[PDB]
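Each chain, letter by letter, is given below.
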There are 2 protein chains.
Amino acid sequence: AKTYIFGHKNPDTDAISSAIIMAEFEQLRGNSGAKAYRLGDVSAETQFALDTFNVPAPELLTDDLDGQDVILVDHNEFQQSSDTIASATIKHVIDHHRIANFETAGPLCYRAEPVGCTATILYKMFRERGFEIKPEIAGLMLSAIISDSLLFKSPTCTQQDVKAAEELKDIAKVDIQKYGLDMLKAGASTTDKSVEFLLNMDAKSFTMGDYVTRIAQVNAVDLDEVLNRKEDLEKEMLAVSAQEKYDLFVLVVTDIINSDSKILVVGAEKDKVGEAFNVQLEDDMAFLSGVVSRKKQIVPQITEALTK
Amino acid sequence: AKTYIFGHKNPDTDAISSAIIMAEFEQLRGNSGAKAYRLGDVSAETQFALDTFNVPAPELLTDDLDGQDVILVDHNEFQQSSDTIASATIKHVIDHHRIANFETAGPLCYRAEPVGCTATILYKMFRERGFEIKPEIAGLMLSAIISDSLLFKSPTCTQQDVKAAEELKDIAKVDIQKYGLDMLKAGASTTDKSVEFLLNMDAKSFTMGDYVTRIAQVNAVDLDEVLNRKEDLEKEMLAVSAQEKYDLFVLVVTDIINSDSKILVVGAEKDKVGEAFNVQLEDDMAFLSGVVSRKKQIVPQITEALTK
Ligand SMILES: [Mn+2]
Ligand SMILES: [Mn+2]
Ligand SMILES: [Mn+2]
Ligand SMILES: [Mn+2]
């Protein structure tokens with residue numbers, strides 16, 4: 001029996017790391033057929049982490065999952081998952097996100113916790129079972145936590161994430177702030193990249209009531225680096241929205257040095273979500289928010305605007 | 001800060017017990033606004049357990065859950081939950097079932113394990129946390145486990161359910177086989193009850209792909225006690241299917257002594273699910289299975305038939 005372990009499409013550092021980490025967990029637990037996979041490209045940020053701790057990228061999933069045992073990490077929504085996910089047998093989910101568009105035939109292990117990072121939950125699982133946390137594995141856990149939490153500044157970050165990171169740094173042999181900022185910087189180069197690349201780099205679809213929304217995330221050293229390409233961005237966001245039948249396309253731009261975030265929003269349901277945010281720039285194509293609240297989570301806020 | 005804790009509509013013993021057990025857990029955890037509720041009638045089986053351990057029945061939920069904190073036990077599918085569940089904020093789910101028709105705006109705690117009973121999971125939460133298990137609480141846990149497992153003979157039963165029961169017996173101060181058989185017998189009187197009563201006693205709706213299916217469970221001393229009323233059963237099942245627009249209505253009849261089960265199946269997708277079982281008799285309106293495979297679970301097998 002093989003078991004396929006993977007994170008979401010357009011994987012982020014958490015998605016790649018958690019797949020490798022959970023494959024380790026399964027193997028230490030005695031499940032030798034467990035194997036990590038990815039559903040997309042390894043980003044520059046994630047490559048920095050993999051290179052630092054000398055871990056190879058997981059294999060790109062090309063197998064049909066029909067009748068196969070599957071473990072999902074860092075996602076549950078089927079449209080974020082493998083093309084053949086609906087034909088798989090999902091044994092286990094480990095995740096830190098909202099639940100939607102998820103259905104199984106029978107019972108399964110499902111573990112979600114409202115923490116800042118999937119690797120934090122996996123850290124706790126290793127702990128609970130008393131399994132070895134190798135230095136590389138600790139490095140990937142720490143990388144994931146720094147990535148998802150943005151060096152502990154995102155509204156999703158919790159003290160469990162901070163505590164896990166503090167306990168992992170000596171195992172990984174790494175200074176959190178120094179390594180962390182280097183890692184974040186390694187995925188923050190935008191000006192020489194195409195609009196198509198930026199909008200697909202870290203981008204996921206969401207099932208929100210009757211609607212399907214696309215959300216892309218871009219890190220930069222300066223918000224304006226990205227945001228004065230607004231016109232070209234909007235154009236591509238509208239084109240993709242039509243081609244994929246999205247009801248909404250949100251671009252979240254985040255300053256890694258500053259921790260400030262803004263959103264650029266396009267699509268059929270644009271005006272409805274605009275009411276939920278501080279609109280600073282608007283037109284027929286799009287709206288641009290002022291710098292977003294540090295404490296409120298964006299995904300739930302958008303969901304509530306579309307459903308409520 | 002209220003938090004409503006409840007099980008599914010037409011609650012079984014697991015659904016009633018687990019709500020009370022989880023309310024205790026929350027109070028014990030420090031959450032003082034936590035309260036147990038029920039969404040329907042207390043069955044004869046459940047009443048026997050409540051009387052044995054002097055636990056009153058939880059309050060019938062009548063409040064609108066709009067904007068309220070909720071914890072679900074022993075279910076997740078929205079059609080099985082409160083009428084206002086979509087307007088609530090689901091903080092926590094503890095369950096042992098398939099997942100479907102479940103969506104949240106934001107992150108949450110979700111704990112599902114593929115075990116025989118929700119109370120088994122709640123028991124593990126007490127053990128993990130080092131919480132004291134009162135003898136009344138231990139009795140409810142044990143009752144739920146005996147109920148869902150049918151005195152440890154159902155396909156869903158695991159060694160974790162057995163282990164937990166062995167340790168709970170001395171806390172509850174009860175003989176498992178003796179109390180268990182009494183409890184099961186108390187909910188197994190069928191010939192005196194109307195067809196309408198039997199089909200609404202332990203009946204839940206399910207989201208299975210494009211379909212909505214209704215499944216009713218009936219415990220009996222002897223399978224033929226119920227199944228000799230075949231035609232009266234079918235008639236009410238078709239009537240309800242038409243009136244509620246179900247694609248399928250399954251009646252599972254289980255012998256409490258030997259744990260043999262048979263299914264009586266009616267509705268639009270009847271032929272499609274008949275494919276997945278050993279059909280002992282059939283006509284235009286219904287099929288009746290032979291004694292169902294002792295290892296494989298019924299709900300997943302139905303779901304699989306309606307999809308693949
Ligand atoms: Mn991710
Ligand atoms: Mn993540
Ligand atoms: Mn139940
Ligand atoms: Mn149950």
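Note on numbering: residues are counted from 1 along each chain in the order of its written sequence, which can differ from the entry, and residues with no coordinates are hidden. Chain labels run from A onward and ligand labels from 1 onward, assigned in the order the entries are written. Side-chain figures throughout are based on the complete set of non-hydrogen atoms in the structure, without hydrogens or water. Residues with missing side-chain atoms are left out of burial classes, side-chain pairs and their counts.

By the method listed in its record, X-ray crystallography, this PDB entry was determined to a resolution of 2.10 Å.

A. Broad picture of the relation of the copies chain A and chain B. The copies are each rotated and translated onto one another by least squares, with the C-alpha atoms as the fitted set. For the match of chain A to chain B, the screw axis carries a shift of 0.1 Å, the RMSD comes to 0.3 Å, and the turn is 179°. Within this description, the copies of the chain are treated as partners about a two-fold rotation axis. No C-alpha of chain A lies nearer the rotation axis than that of A:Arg111, which sits 2.5 Å from it. The fraction of interface residues of chain A whose copies in chain B are also interface residues reaches 100%, indicating that both copies meet through the same surface. Any two residues having at least one pair of non-hydrogen atoms within 4.5 Å are treated as being in contact.

B. Spotlight on the coordination of the manganese ion (ligand 2). All names here are of chain A. Metal donors: N, O and S atoms at distances within 2.8 Å, or within 3.2 Å for Na, K and Ca, with water omitted from the atom set so that some sites may seem incomplete. For the manganese ion (ligand 2), every protein donor is listed as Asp14 (OD), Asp74 (OD), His96 (NE2) and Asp148 (OD), and the spread of their distances is 1.9 to 2.0 Å. For the manganese ion (ligand 2), the single-chain donor residues occur in sequence as D-x59-D-x21-H-x51-D. Here the manganese ion (ligand 2) and the manganese ion (ligand 1) are spaced 3.8 Å apart, and both take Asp74 as a donor. Here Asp148 lies in helix α4 (residues 135-149) and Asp14 lies in helix α1 (residues 13-28), a separation of 134 residues in the sequence. Considered together, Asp14 and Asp148 belong to a single accessibility category, that of buried residues. Helix and strand assignments come from DSSP, with helices taken as H or I runs of at least 4 residues and strands as E runs of at least 2, each series counted from the N terminus. Relative accessibility thresholds used throughout: buried, under 20% of the residue-type maximum; exposed, over 50%; partly exposed, between the two (1.4 Å probe, protein chains only).

C. The arrangement of the coordination of the manganese ion (ligand 1) in detail. Residue and element names in this part refer to chain A. In the first shell of the manganese ion (ligand 1), the protein supplies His8 (NE2), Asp12 (OD), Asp12 (OD) and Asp74 (OD), at 1.9 to 2.6 Å from the metal. Read N to C, the donor residues that coordinate the manganese ion (ligand 1) are spaced as H-x3-D-x61-D. Residue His8 is classed as buried on the basis of its relative accessible area of 0%. Exposure remark for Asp12: the relative accessible area of 13% places this residue in the buried category.

D. Representation of the domain arrangement of chain A in the model. Residues and elements named next belong to chain A. If you check the domain split of chain A, you get domain 1 (1-188) and domain 2 (189-308). As annotated, the domain borders come from an automatic or database domain assignment. Taking the mean C-alpha position of each, domain 1 and domain 2 sit 25 Å from one another. Listed per partner, the contact involves 21 residues of domain 1 and 26 residues of domain 2. Using a 1.4 Å probe, buried area is obtained as the accessible area two parts lose upon being combined, added over both of them. Approximately 1800 Å² of surface area, both sides summed, lies buried where domain 1 meets domain 2, with 51% of it carried by carbon and sulfur atoms. A per-residue breakdown of the area domain 1 buries against domain 2 is headed by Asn10, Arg98 and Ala188, which together make up 32% of the total.

E. Region of the structure containing the nonpolar core. To form a nonpolar core, buried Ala, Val, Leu, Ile, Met, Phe, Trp, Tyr and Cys residues must be joined to one another through side-chain atoms within 4.5 Å. Grouped together as the largest cluster of nonpolar side chains are 49 residues, with contacts concentrated most on A:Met22 and A:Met141. The leading source of residues in this core is α4(A), at eight residues. Contacts of A:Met22, omitting those with residues within four sequence positions, involve A:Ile5, A:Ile71, A:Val73, A:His92, A:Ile94, A:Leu122 and A:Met125. Counting 48 residues, the second-largest nonpolar core is a separate cluster that includes B:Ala34, B:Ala49, B:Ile133 and B:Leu151.

F. Seen up close, the pairing of strand β9 (residues 248-255) of chain A. All names here are of chain A. In terms of burial, β9 is largely enclosed, as eight of its eight residues are buried. Covered by surrounding structure in β9 are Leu248, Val250, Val252 and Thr254 together with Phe249, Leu251, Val253 and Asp255, the residues of both alternating faces. Each pair of strands is called paired provided DSSP finds at least two bridges between the two strands. Taken together, the eight bridges between strand β8 (residues 211-220) and β9 define a ladder with parallel strand orientation. Across the sheet, residue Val218 finds its bridge partner in β9, namely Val253. The antiparallel hairpin formed by β9 and strand β10 (residues 261-266) contains five residues in its connecting segment, where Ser259 sits at a positive phi of about 75°.

G. Expanded view of the interface of chain A and chain B. In this assembly, 26 residues from chain A lie in contact with 26 residues from chain B. A buried area of about 2000 Å², summed over both sides, lies between chain A and chain B, and 57% of it is on carbon and sulfur atoms. Among the residues of chain A in contact with chain B, A:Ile99, A:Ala105 and A:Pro107 are the three that bury the most area, contributing 29% of the side total. By definition here, a salt bridge exists when the distance from a side-chain nitrogen of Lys or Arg to a carboxyl oxygen of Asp or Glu is within 4 Å. Remark: the boundary between chain A and chain B carries two salt bridges. With its nearest N and O atoms 3.4 Å apart, the salt bridge here joins B:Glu103 to A:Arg98. In protein, a polar contact means a hydrogen-donor-capable atom and an acceptor-capable atom, both N or O and within 3.5 Å, with residues adjacent in sequence counting only if both atoms are side-chain atoms; elsewhere, any N or O pair within 3.5 Å suffices. Taken together, the links from chain A to chain B amount to twelve residue pairs in polar contact. Residue composition of the side of chain A that touches chain B, by class: 13 nonpolar, eight polar and five charged. One ladder, built from three bridges, connects strand β6 (residues 109-112) of chain A with strand β6 (residues 109-112) of chain B; its direction is antiparallel. Directly across from A:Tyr110, in β6(B), lies its bridge partner B:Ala112. Nonpolar residues are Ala, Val, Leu, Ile, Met, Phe, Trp, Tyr, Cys and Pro. Charged residues are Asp, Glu, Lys and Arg, and all others, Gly as well, are polar.

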